[PDB]
Structures are given as C-alpha cells and as structure tokens.
Amino acid sequence: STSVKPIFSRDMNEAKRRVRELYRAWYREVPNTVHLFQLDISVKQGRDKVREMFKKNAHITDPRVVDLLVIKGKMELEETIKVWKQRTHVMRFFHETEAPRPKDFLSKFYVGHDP
Amino acid sequence: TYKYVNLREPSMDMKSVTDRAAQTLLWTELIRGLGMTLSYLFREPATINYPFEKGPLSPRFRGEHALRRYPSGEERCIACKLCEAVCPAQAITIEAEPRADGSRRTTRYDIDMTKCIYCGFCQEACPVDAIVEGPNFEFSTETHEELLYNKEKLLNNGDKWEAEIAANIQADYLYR
Amino acid sequence: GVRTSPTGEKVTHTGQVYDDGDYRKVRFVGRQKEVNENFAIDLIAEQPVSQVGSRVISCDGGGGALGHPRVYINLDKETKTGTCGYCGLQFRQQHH
Amino acid sequence: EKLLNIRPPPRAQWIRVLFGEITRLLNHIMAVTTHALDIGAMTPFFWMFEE
Amino acid sequence: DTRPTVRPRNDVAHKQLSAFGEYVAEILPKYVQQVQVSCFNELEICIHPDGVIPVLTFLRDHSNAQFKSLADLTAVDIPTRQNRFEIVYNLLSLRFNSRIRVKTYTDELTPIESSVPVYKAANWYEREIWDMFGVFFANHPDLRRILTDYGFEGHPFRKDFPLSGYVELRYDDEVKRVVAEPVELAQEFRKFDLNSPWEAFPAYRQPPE
Amino acid sequence: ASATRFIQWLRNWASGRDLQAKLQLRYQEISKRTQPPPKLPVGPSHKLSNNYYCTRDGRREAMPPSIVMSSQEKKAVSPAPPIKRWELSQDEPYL
Amino acid sequence: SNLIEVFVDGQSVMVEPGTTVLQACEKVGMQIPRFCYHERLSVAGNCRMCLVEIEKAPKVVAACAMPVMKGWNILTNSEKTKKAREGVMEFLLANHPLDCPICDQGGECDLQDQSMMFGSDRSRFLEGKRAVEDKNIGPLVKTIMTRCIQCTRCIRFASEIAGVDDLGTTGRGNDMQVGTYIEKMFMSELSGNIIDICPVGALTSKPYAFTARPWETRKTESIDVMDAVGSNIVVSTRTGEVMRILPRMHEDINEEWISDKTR
Amino acid sequence: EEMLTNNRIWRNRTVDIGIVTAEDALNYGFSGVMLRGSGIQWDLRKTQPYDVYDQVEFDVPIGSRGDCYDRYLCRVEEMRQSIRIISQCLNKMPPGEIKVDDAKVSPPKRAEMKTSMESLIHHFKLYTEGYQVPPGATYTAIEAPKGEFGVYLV
Amino acid sequence: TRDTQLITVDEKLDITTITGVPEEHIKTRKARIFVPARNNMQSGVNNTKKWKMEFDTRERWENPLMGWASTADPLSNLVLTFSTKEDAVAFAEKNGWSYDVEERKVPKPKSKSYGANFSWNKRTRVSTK
Amino acid sequence: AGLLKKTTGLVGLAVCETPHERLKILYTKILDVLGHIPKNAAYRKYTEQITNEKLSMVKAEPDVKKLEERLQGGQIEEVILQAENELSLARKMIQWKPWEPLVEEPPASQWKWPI
Ligand code: SF4
Ligand code: SF4
Ligand code: SF4
Ligand code: SF4
Ligand code: FES
Ligand SMILES: [K+]
Ligand SMILES: [Zn+2]
C-alpha cells in the first residue's frame, strides 16, 4: 500500500541533497548561458529565473516526485551547457511576447468568461 | 535460396595478374565509365518542353476539387456529410438547412486546401458524385487565403471543369 | 438569380451578404467577391413536370450508376407533384 | 486484416506483391543513387530517376 | 477452411506456442504472471517488472529460445489501471523463426530496469518511451528526449495529453526570435462520436457490471 | 529512335551494348490511352442462395486469447522447429 | 423465494416469474435485437427481430413476449438465432427506400446499426419497392412514411403515454399504412417524443431537419427549465451552436420523455 | 554498375567502411540489408512469408564483409531479383475481384450502393463510423525495401 | 517476495508538477465523471457501460475569415474512459483536477406481460394492435 | 573432420580449428554449473536434457559437416557461440533464482483487455 521502489532517494533528506546540488549546477551555469547564447539579459535576471523555477516546486513532499523533478531539471541543464538549445529555447522561460493576463476578478470579468 | 554477392577469388595465373596490372596502371576500368557517359551524351534527352508539353496523366488523377451538378443544373450534393466524416485531414466543413423549395442543400461547403491531403476519400464516399477531385494541378496561389475554398469557389470549379470531369468519370466509373 | 443589396454587393445563393456596417467587406476592396451565378433553385424549377401513367415511379437521376440511389416516388396525392429527394425532378400521374 | 480475421482475395494478393516489388525498385534507386550522390557520383541519379 | 473471405486458421503453430509458453512459465515462476496465445497465433508473456532482465536474458541466451533480435519496445497508456503504462517487448528468433511478446507495467513514479545490457537496440527505444510517456528507465547510459522539442513540457502519448498540445510556435518580429505562446486554433478539432450503441462481437463480452 | 546509324554505332560502341534494342524512351509500343470499358468479375459471395452471412463471417470467428498459464517427465520445447538451412541458388550462386 | 432459474447460453440467472426471454438476457449483459419492443410501451411482438432459439425446441420464440419457463437455456448466438435475424432484417429492408444520405436518422438509426450487426451484407431483392404518400401531422413532426417499418411504437405511445387515440393502421397486408387516415394534426404536449421512439427516419424533427449529423454533435447533460418538473435533457451542440434538445433518462423525474416546449 | 561496381574510386569509399559484425547487427536490432550484408541469412519474404511470396522464386543476396560495398551489391542485386518477381507476377496474375467480398469490411461497388438497400447502409456506415476491429493486439511485420517494417496495432 | 529494497512513502499521490500541464489548466478546470446517457434516438445500450471524464466547456468563437469555430481551450476534445468510478476519481485526484461525480443511472426492472393487452376489467386493454 | 573451412560466412565470427574439442568443454562446463541449481528447478531439468542431447551428438559424429546437420544450429561456430551464451545464462540464473515462487501478483484488472 505504501511500499514502492525508489528512483534515487529513499527519503526527503536524501532527495533534498540532490536538489541543492542541482541548484549549484544551475547557479554556476547562468553566467555562461548569458555569454554563449548572447542573451540580452543580465546574470541577476537569469539566476532569479532559476530561483523562481525551484520555488514553484517547494511544496512537494514525495521523494519520488522530487527525484523526477531533479532528473528533468538535470536534462535541461545538459541541453543548455552543450548548446543543444538555441536562443529561442532559453528565452522561452521569460514569455516576452505574451501580454500580462489579468489576475483580479473584475479584469477577468470584462475580457471574457474564463474564471 | 540465396547467392553470394562478393565471394570470389581472382585467378593467380600470370596472364590474369598481368591483366590486373595493366588495369591498375593504364586505368582501363576508369575509361569504361568515360565510355558509358559518352554514349549518354549522344542519346536523346528525356526532357519535355514544359509548359508546352505536359507529363502524361490518367483519368483517375486526383487534382483540384469541384462541386458537380446534374444535367438539369441542380446541385448533386444533398448535404449528407459523408465526405466530411471520412476526410482524414478534417479539411471539409459543411452546414445545411432546408432550402426555400424544401430540398436538402448545404449553406456552407468549405475545403481547406492546405489541410487536404488529396486522397480521394471524399469522392469515394459521396453517394451522388457531388464532390470530385478534378484533373487540374496548376492552381498555385500567392496567398494562403486563396486556398481556403468555399461553396462558391467549388461550384465555379465544377462549372469550369465539367466538360473534362464528366469525361474522366465516364472512362473510370466502371472500375469504381 | 444573383441579386444586389443596397450597398451593391452581390447576394450569394445561400442568402449571404455583408451588412453596411460590417468591416469584413474590406476583404473585397481591390478584389472581387466570388459568386456562382447558376442558382440551382432557379434551374431545377425550369425543368418540366413529367407525366407518368402509374401510381409509383422511380428515379435514379439519369445515367444509371452515374446518377443517385434509385428511390421510388408515390403519386397518389393529386394536389401536388411528386418530387425526387435527390435531384429535384417532378412527376405527375396522367389524368390521375 | 489479421485482427479482422478476413483474407484478401487472390488477385489482390498478387497486385500487392506486384506493386510491393515495384516499390522496392523505387526505394533502391533512391537509396543507391542518392548514396552515390553524397559520395560524389552525380550522373547515376539522373539516369535512374527517369526510370 | 475453404471459405474465401475468412482467414485460415493455423492450429499447428497455436499448439507449438502454447507449449513454449508453459515452458517459459515453468522455468521462470518467480516473475511470470500470465501467458496467452491469440487466435492469430501470437504468444504473450506477462511478467512482474522486476523480471525484465531475468526474463529477457533467458529468452535471448537460452538454447531453445534464442531470441537474439529486439524487434520493438513500446509502451501503452491505459489510465483506468493503477499502473497506467504497459511496457511491451517484441522479440524475434532467427534460429527458430518465431516471435514472442513480453509485457510488464509501471506507473508514473516507479522506475523500470533498463534493457540495454541485454539488447543494445533498447537504448533509443527507452528514450522514446521516456520522451513520449514519462516512464523512467534505471541505469540507462544517456536518458534524454529523443523526439520532442528542446525544453518540451509534458509527455505527448499519454491519453490525457491534448492532441494539439498547450503551446505553439511563431516568429515574432519585435524580439527577432521564434517564440512559444498558448495554443489557439482558427478551427477547433471536431470530435466525432462514432461508436455504435450495438455490441459488435459477443465473443468478447464482459461479465455484467 | 531518330538517331543516325553513325551515332547509333558510336553510342553502342562506347557503352559496349546494343542500346537501340532497349531504349529508355517510350514509343508507340505503349498501351493506348483510351481503352475499351471493362466488365469486372464479382466475388464468391455474389450468390442468391446458400449465402447466409453467419457462414462467412470472419470477424465473429475471432476469439479472446487462450490463457495457457494464469496466477489468479516432460521434454524441452522450442517455439518452433529449428529453421532449415538455405540452399545455394542454382541460377547464379556467385555474383 | 419464488425466483425461477433459467440459463442464457449456459449461464444461470434467477428471474422473477413473468419475466420475458428478452429481460432474462439483460440480466447477463446481452441485448436482444428489437424494433417494436419498448420497455415503456405495450408488448407488440410484431417485428419478429427478437426471435431467439430455445434449446431442445424446434421453433424460435419472440423474446420480447415469451415468458421464461423454468430450466430454459436461451441460445442468443446459435446458427438458428442468427439465421432468423438475417431473414427478418432482409424482409425489413426489402421495401425500405435508399434514403440514408438524405435521411435525418442516418448515423443514429437502429435499422442501420442492426443491419450491420445482425443482418446480411447484400440484397437478393430484384423487384420494385413500395412507395407510400407522406402525411401531415403538425408543424413539429416531419413524416416520410416510405421509411416506416410498421413497428407501431407511435401508435402505442400515442394511445398509452399521451392518451391520444389519433394514430392507427389503415388497410392491411403490404399496403398497411400508419397515420391518422383523415387530415389531422397530432398536436400534444408530448407529441415530440414519437420522434425518438421511431427507430427509423419515418418520424423526424422538422425544426432540426438537415441541420446536423449525429456523429458531429457534442452532448451536454443539463436540466430543463421550461417548467418546475426539472426534466433531464441532453443539449446537442456543434461548433458552438445549439442544434437540438433530447431527453435524458431519469426514472424518478421524466422517464425518457420531455414536453414540446422543452424539446 | 558500369559506373560504380568495378570503379576503384567507388570501392575506396565503400570497401571496409562501416563494418558491422553479424552478432552486433542482431543485438542492435538491425534488419534487411544491414543483416544480410554481414552474412546473416534472413529475409522475411522467405522465412515468414505473407501474401503470395511463397509462390514466387527469387534469391536473397548475402554479403561477406559487412561493409558499405557489400551492402551496395546486395541492393543492386535485389533490384535484379525484383524484376525476377515482377516477371512471375505479370504471368501468374489471376482473375477475380480485388477486395474481400465482405461488405461489412470493404465498401461495395458504387453500382450496388445505388441499387441495394443493404449496400447503401454499409457504404454509409463504413465511410462514417468504419468497421469495428475485434479487441486484441498484433505485431505484424513485412520485409520493407529498407528492412523490417512492423506495426504493433492495439 | 521482492528484492528491490522498497521504501515507505505515506502521502497522497500527486503528479501535477511532473505532468507538464500549465497552472491555469489544473486549478480552474472541472472534470465531470459520469456514465454517458443513452442516445434517446436509439435503443442500444452499449455506449452506457463505461465511465467517462470530460472537462467543462470553454468559449468557442467565430473565425473572422471563414466563420469556423475557433477555440483557445486545449482540453476541449479530451475524453477519458474508465472501467469504474473509483478508477476515474483516482485519476482526477492524481492530476489535481477538481471533479464532480454523477452516480450511474440504471433502468429499473419492469413487469411486461403481453396478456395484459387483453384484460377483462383493467385499463391496460389496448384499443388497437 | 575433413577439410577446414576458410570462412564461417558471418562477419566477426572466426573459424574454430577444434570444434569437437571446444564443444565438449562448453557442454561439460554447462552441466557443472547446473549442479548448483536446485534439483527440482525446471531450468536444471530442461537445460540438462538438451545439453546432454547436444553432447551426445558431438561424441558420435567425428565429421564436422555431418555434425552441423544433426545439431541444426547453423555453422559449427554458431553452435559453439550458443554454448557460451547458455553458460553465461546458467551462471546468472543462479543469482536470480527464478525457480522461486512469484514475487507479487498484479492488481486484479492489470491484464484485462478491453479496459
Ligand atoms: S481528398 Fe482526402 S483529405 Fe482532401 S478533402 Fe477529400 S477526403 Fe479530405
Ligand atoms: S458526400 Fe457528397 S452529398 Fe454528402 S455532403 Fe459530401 S459532397 Fe454532399
Ligand atoms: S431510416 Fe435508417 S436505414 Fe432508413 S433511410 Fe433513414 S437512416 Fe437509412
Ligand atoms: S412511424 Fe416510426 S414509430 Fe410509427 S410504426 Fe412506423 S417505424 Fe414505428
Ligand atoms: S422486439 Fe420482439 S417482435 Fe419486435
Ligand atoms: K425517428
Ligand atoms: Zn432523382
């Protein structure tokens, strides 16, 4: 009922070691990504985007789900380092061509029917 | 059964070895290739003088769509939507209602010629030979909008290519 | 036949015509609106009603396998003509 | 057809074998001559693409 | 068997594959859960996922099996099951001119042991399964996306993934770049309900409720 | 086919074969584009009697898989007899 | 209890006395073919499409009207049962018109589906078909009686459910016609339901004529608000447009009927 | 072949290039000429025949060195064996119909669909809903021009 | 028993963060779990035997060019089939969607007698046959 | 044994100059590993049965060409290669112990089709 094969970690303490390790790898790679890809952003913007992506998944408490997130995140880092991604893929984290959608009830009420 | 393609042993008699030595030094087998292309230089080229000469086709050719009529001039389509249901690319859109005289007819017949895969299913599914793929293959456009045909474009194609569409069907309807 | 609304835009056989205030008319500026001038409703009405001396007549559309599925039409009703549901041809019973 | 548990008629089977082998010539002409084109030999492409 | 429109039935092969199915089950009772032979004479071995390497290694190396070619490896998504995925191995035996199917299962979070040590062909097939289904394979040389775009989010071949996805690409002139935005369709994909409300095949009827 | 006999000899000699017998350009030897109408035959089920569908229904003879083993003295057996060795072609064994 | 035991293809099932052979097959998930039987109307037993073999009996029985006797083994898939369904389906289609492309019932027609599930795949009928003259029974129900299969579901419904004895059969034999005989309109608060219970396209909705096909609609399960009964309905839509309203079965509110205003 | 087979420039670019051993080809999932170029005697048209391939005569070319050159020879030789098969197909082509005489799977002729009620029902249903395939899963493979092409259909 | 060295994880299954679905389509949606109602135009009951999961309907507008039906909802054509209600509920909660469950509606058994059509002293006697 | 074949016909498969000697070694080695398998394990009984049948033919057919026909395993080098694959499997089957009962039954409807 609760017995399941782990991916890499047996508990959250073991899983959070990989998460911090991944954050270091991403943290050190933003300066090169902004350099090799000739991105028109600064290192501070890029490193704040990495922090934002990690914070989105801070409510997870399942060691198996965290391992997939680290595995998926590690694959993203590999593509960036080896320049398999292009400038378009790196800049897709910032959504520069999308007008900011409304968040409050009144603004959503005027423009359409979506909640 | 099988056969070896590259399992051979060259004879080691002195005459054969000298024949290969001449081939290596005098480039005999490289001059056969020169002879082969030299012959082609004197063969008539297979190039047709387009647009004055056109490559051969057959009555079954699947080209530009058209909506057909009866000899009376009445439309053949009765809005059954079998072509819309069988279209692999969902390139057909149909809407229908009772006509002023009560007939079952479409108020919309759109084929997105950029979704269509020109497969012929719609003309295989039509019970009254209303929708057909004509023999026209020269209808390139300068805009993406000109390839989104509606019922008016498709009827004009039928009124345009009927003299040829009716003859091609005549020559092939006994195979269908 | 092909009509023309007050703005001068030809009305299609499906009754479609852009209103005066419709911005979509702009797509025809510098171009033309493609309208088929052979209205089927008009042409089918030109065909004469055929007289047949039987209660039930059948229509395949003409041409056999090149027509439409063969349906049978009842002509008992004397106050109207029998109409084929595929091709629109009309039939009547000879002096009932 | 295996899932349907039906069998195509004998004439259809021969046509499918006939055009299956015409289709093999289409593939091998493309494979061999485009293989030669990459390696440099360019004229065989034109002789066999008329076939 | 003379009926022109009905596929002839080969009962000799059906017998041989049934015997080999028991043969496999007797040798590997620790993993084999079910064995069956279809009416078109195809053999399927259903195993516990922990027996992927033992079962495949036996079939590849055993003298009376010699399944030395991995024809294909693929996954099927069945959301109604606890283990929604179903990993399917198709093996070809050149010595005995026969084919076998090995089937296992896994859910979104449970790893499956990699088959690369047995079949090198599985290297790229397992990347496709991970790419298109999100099934993780343990001990893979290099597990990456193989078919989707770089930075693609989601596993398309899952039944709950929309046909048109969540993003679409266009060239934006302001940023001189190809950008990704939420999907909008000029014509929505029309969903047809084609299933007939009348049962087609009584032989496959399920027990009521 | 319009080539002069001198050029025909020259192209034949250079290639080493009689090209004129097998020309890659088609001439009147092809079939006519207009052909007489066909009359296609009917299948074996175009009968008026003894032709009930329950006697020729392939889809309704398909059955669910036969379960050999389920978890709900003897001779070793292979999936099938070992493949017979191939025989060298008698037409052209060595290319 | 008083339950008696019967077998459906060898599977035991305990059924109350008075149960029918058709109802015994429902208990095991098997649905017998039918055109005249409706679970909410009187039993007619005149389409002969539900004939089913009973083991050790030389005669097929109308499964919709035959009470189950104890110890009967109902054979729903024997050669005799399948040869009875092909003959009946062959007689239904003998005079039926080739109207499927122009018939609003195409795609959701019981005659089409049971012809492809229980009938043959061709015709040996080499004669001329019958043609019946259409009848006007109001502005809501379009009648094309050449498609009628004389199932009498509309006759029973009008007399039993609606309490209106306006429909009936005139003449006899192959020339038997369903109608009002005289020029009369079947205008009733439950008149639209004869559209649904008609297995063929003989009765169809006039407002809905030719607008859509069954496969391209999207079904939204909703509630009717034209009155306080709360009839359950299905709102059929296509490309963002409401096309028709249909009843949605609810045993405790509206059965499978809805009033004309709702429809 | 006058341009490639005996040309020394061509042989330099292909001979002993891309050698694959017979055991690696099997374990890597190769099929078709890739297997046959290494000497493996395997062709699904002879070992697991389909359609009418057991009624035609042809030889399966086999390589000896597993290099690009031998695989080129196999493809050139197969083109010759396909002409051999076509010659037999053109002579053994039988009369009869061209789709299964079962209108619940294959649509009827247009002349029948406009004359028979049963045929019209089946034409309508086949082109709108299609035919139901009984539940099950099959792996079917052929000897495609460039290897084993298979479909795992559920 | 197994020798995979299992671990104990006690918490509700949740894969919203690894499915790749956008946020706006996990929290604002509403998945309807139900058994489809019989198409009243027919008598077959083979389409009312499996549970289905469909989402709420979003806006469809008219394409200004051809008048087609445009959409911005990626899940407008998403229908999932489940063998049981509990299987459907489990899938919905696993993916984080909010769901409403409609309990199956089964026709009630009915007493059908052909002899009641001809009754001596009851209103079930039919005036026509 | 007769003349020694110049090539096996399979790329990467060398010609064995002592096939009969090599097959006795491998078949005998297989029977030694199977001894450590429990006596009632089906793998031991079946593998011993076939291995003895192959070993019997090797000891009664001094000619290589005739021995290939009796073994029906292709060229003699293929039979030697398959005897080495049987030996590696036997060693690994000891560490797997598949003769043990089923590790875990699947969920009730894990192998039901149609859904
Ligand atoms: S040819 Fe095929 S893809 Fe094109 S409209 Fe017809 S059915 Fe659709
Ligand atoms: S199949 Fe033919 S009749 Fe039916 S909708 Fe299409 S064009 Fe019209
Ligand atoms: S009632 Fe049914 S079978 Fe008859 S024409 Fe209409 S759709 Fe076709
Ligand atoms: S009109 Fe319809 S319901 Fe009435 S008897 Fe005819 S088929 Fe039955
Ligand atoms: S359903 Fe029984 S005879 Fe009509
Ligand atoms: K109806
Ligand atoms: Zn007509």
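Cut-offs used in this document
- Residues numbered from 1 in each chain as written, not as in the entry; some residues may be left out.
- Chains lettered and ligands numbered in written order.
- Part of a larger assembly, values for the part shown.
- Heavy atoms only, no water.
- Residues with missing side-chain atoms left out of burial classes, pairs and counts.
- UniProt positions renumbered as here; feature names shortened; annotations may be inferred.
- Contact = heavy atoms within 4.5 Å.
- Buried area = accessible area lost by both parts, 1.4 Å probe.
- Salt bridge = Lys/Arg side-chain N within 4 Å of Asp/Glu carboxyl O.
- Helix = DSSP H or I, 4+ residues; strand = E, 2+ residues; numbered from the N terminus.
- Nonpolar A, V, L, I, M, F, W, Y, C, P; charged D, E, K, R; others polar.
- Donors = N, O, S within 2.8 Å, 3.2 Å for Na, K, Ca; no water.
- Tetrahedral: all angles 85-135°; square planar, octahedral: opposite > 155°, others 65-115°.
- Buried < 20%, exposed > 50% of the residue type's maximum accessible area, 1.4 Å probe, protein only.
- Near = heavy atom within 4 Å.
- Pairing = 2+ DSSP bridges.
- Axes fitted to C-alpha atoms, helices over the stretch in contact; angles between N-to-C directions.
- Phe/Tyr/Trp six-rings, centres within 6.5 Å; stacked < 30°, edge-to-face > 60°.
- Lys NZ or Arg CZ within 6 Å of the ring centre and 35° of its normal.
- Disulfide = S-S within 2.5 Å.

The PDB entry lists chain B under the name NADH dehydrogenase [ubiquinone] iron-sulfur protein 8, mitochondrial, with Bos taurus as the source organism. The title field of the PDB entry reads "Inward-facing, closed proteoliposome complex I at 2.7 A. Initially purified in LMNG". Its UniProt record gives chain B the following Catalytic activity comment, quoted word for word: "a ubiquinone + NADH + 5 H(+)(in) = a ubiquinol + NAD(+) + 4 H(+)(out)".

Naming follows the PDB entry, where chain A appears as NADH dehydrogenase [ubiquinone] 1 alpha subcomplex subunit 6 of Bos taurus. Taken directly from UniProt, the Sequence similarities text for chain A runs: "Belongs to the complex I LYR family."

(A) Expanded view of the interface of chain D and chain H. Each side of the interface is counted separately: chain D has 32 residues, and chain H has 47 residues. Carbon and sulfur atoms make up 75% of the area that chain D and chain H hide from each other, which totals about 3600 Å². In terms of surface lost to chain H, no three residues of chain D exceed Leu-3, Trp-14 and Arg-24 of chain D, which account for 23% of the buried area on that side. At the boundary of chain D and chain H, one finds two salt bridges. We note a salt bridge from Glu-21 of chain D to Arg-45 of chain H, for which the minimum N-O separation is 3.1 Å. Counting only elements with at least two residues in the side of chain D that touches chain H, the list comes to α1 (10-39) and α2 (43-50) of chain D. Split by residue class, the side of chain D that touches chain H holds 19 nonpolar, seven polar and six charged.

(B) Representation of the coordination of the zinc ion (ligand 7) within the structure. All names here are of chain C. Distances from the zinc ion (ligand 7) to its protein donors, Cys-59 (SG), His-68 (NE2), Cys-84 (SG) and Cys-87 (SG), fall at 2.0 to 2.4 Å. Considering all four donor atoms around the zinc ion (ligand 7), angles at the metal cover 103 to 120° and the coordination shape is tetrahedral. Between the donor residues of the zinc ion (ligand 7), the gaps in sequence give the motif C-x8-H-x15-C-x2-C. Taken together, the positions of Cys-59 in strand β4 (residues 56-59) and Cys-84 in the loop between β6 (82-83) and β7 (90-93) put the pair 25 residues apart, joining distant regions of the chain. In this structure, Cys-59 and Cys-84 share a single accessibility class: buried.

(C) Spotlight on the site of ligand 4. The immediate surroundings of ligand 4 are formed by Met-145, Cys-148, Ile-149, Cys-151, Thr-152, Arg-153, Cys-154, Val-178, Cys-198, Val-200, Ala-202 and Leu-203 of chain G. Looking at side-chain class alone, the shell around ligand 4 contains 10 nonpolar, one polar and one charged residues.

(D) View of unusual backbone geometry. Residue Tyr-50 of chain B is joined to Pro-51 of chain B through a cis peptide bond whose omega torsion reads 5°. Summarising the element assignment, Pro-51 of chain B is placed in the loop between α2 (28-41) and β2 (65-67). Here the bond from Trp-113 of chain J into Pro-114 of chain J is cis, since omega is 5°, no more than 30 degrees from zero. Positive phi values are uncommon outside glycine, yet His-95 of chain A reaches one of about 50°. Turning to its location among the elements, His-95 of chain A is positioned in the loop between α4 (87-90) and α5 (105-111). Of note, the phi angle at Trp-27 of chain B is positive, near 60°, even though the residue is not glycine. Relative to the assigned elements, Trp-27 of chain B resides in the loop between α1 (14-26) and α2. When its relative accessible area of 53% is taken as the criterion, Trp-27 of chain B is described as exposed.

(E) Representation of the coordination of the potassium ion (ligand 6) within the structure. All names here are of chain G. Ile-195 (O), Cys-198 (O), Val-200 (O) and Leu-203 (O) make up the full set of protein donors to the potassium ion (ligand 6), lying at 2.7 to 2.8 Å. Mapping the donors of the potassium ion (ligand 6) onto the primary sequence yields the spacing I-x2-C-x1-V-x2-L. Among the residues examined, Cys-198 registers a relative accessible area of 9% and is labelled buried. Note on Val-200: relative accessible area 1%, which makes it buried.

(F) Summary view of the arrangement of the chains. The two partners chain C and chain D share no contact, and the minimum distance between any of their C-alpha atoms is 24 Å. At the C-alpha level, the nearest point of chain A lies 12 Å from chain J, with no contact between them.

(G) How the structure looks around the sheet that holds strand β2 (residues 43-47) of chain E. In space, the six strands of this open sheet follow the order β3(E)-β4(E)-β5(E)-β2(E)-β1(E)-β1(F), with mixed pairing throughout. For this open sheet the edge positions go to β3 (69-77) of chain E together with β1 (66-70) of chain F, each flanked by a neighbour on one side alone. In this sheet, neighbouring strand axes are inclined to one another by 20° on average, regardless of whether the strands run parallel or antiparallel. Helix α3 (residues 122-133) of chain E rests against β3 and β4 (85-93) of chain E of the sheet, and its axis sits at about 10° to β3 of chain E.

(H) Region of interest: the packing of aromatic side chains. For the coordinates displayed, the defined rule picks out 37 aromatic pairs over all chains. Ring geometry for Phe-109 of chain A against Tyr-110 of chain A: centres 5.9 Å apart, planes inclined by 55°, an arrangement best described as tilted. Like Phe-109 of chain A, the residue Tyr-110 of chain A is exposed in the burial classification. One aromatic cluster is present, formed by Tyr-2 and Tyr-4 of chain B together with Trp-86 and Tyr-94 of chain F through successive ring pairs. Across from the ring centre of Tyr-40 of chain B, 3.8 Å away, lies the NZ or CZ of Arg-43 of chain B, which sits over that ring. Here the basic side chain of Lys-83 of chain G rests over the ring of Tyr-52 of chain F, its NZ or CZ set 4.9 Å away from the ring centre.

(I) Spatial organisation of the state of the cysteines. With the rule as written, the count across this model stands at zero disulfides over all chains. In this model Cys-74 of chain H remains outside any disulfide bridge; the closest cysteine sulfur is found in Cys-68 of chain H, 12 Å from its own.

(J) Structural context of the pattern of salt bridges. By the definition in use, this model includes 106 salt bridges over all chains. Between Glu-96 of chain A and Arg-177 of chain E there is a salt bridge, with its nearest N and O atoms 3.7 Å apart. Taken together, the residues span two chains, with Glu-96 of chain A in the loop between α4 and α5 and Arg-177 of chain E in strand β9 (residues 177-182). Among the residues examined, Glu-96 of chain A registers a relative accessible area of 38% and is labelled partly exposed. Between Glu-84 of chain J and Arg-22 of chain J there is a salt bridge, and its shortest N-O distance comes to 2.9 Å. Of this pair, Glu-84 of chain J sits in helix α4 (residues 76-96) while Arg-22 of chain J sits in helix α1 (residues 19-35), and the two are 62 residues apart along the sequence. With a relative accessible area of 28%, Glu-84 of chain J lands in the partly exposed category. Each of the salt bridges in this network shares a partner with another, and the network as a whole consists of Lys-2 of chain D together with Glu-42, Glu-44, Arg-81, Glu-86, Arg-101 and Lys-103 of chain E.

(K) Looking closely at the pairing of strand β8 (residues 167-172) of chain E. All names here are of chain E. Pairing geometry for β8 and β9, over six bridges, is antiparallel. Residue pairing for β9: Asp-172 is matched across the bridge by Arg-177. With antiparallel pairing between neighbouring strands as the criterion, β8 and β9 make up a hairpin whose turn holds four residues, including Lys-176 at a positive phi of roughly 55°.

(L) Inspection of the sheet that holds strand β2 (residues 31-34) of chain I at higher detail. Residue and element names in this part refer to chain I. Ordered by their spatial adjacency, four strands build an open sheet running β6-β3-β2-β7, and the pairing between neighbours is mixed. Two strands bound the open sheet, and with one partner strand each, they are β6 (79-82) and β7 (99-101). On average, adjacent strands in this sheet sit at an angle of 20° to one another, irrespective of strand direction. Note: strand β3 (residues 51-55) against β6, four bridges, orientation antiparallel. Among the inter-strand pairings, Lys-52 is bridged to a residue of β6, identified as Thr-81.

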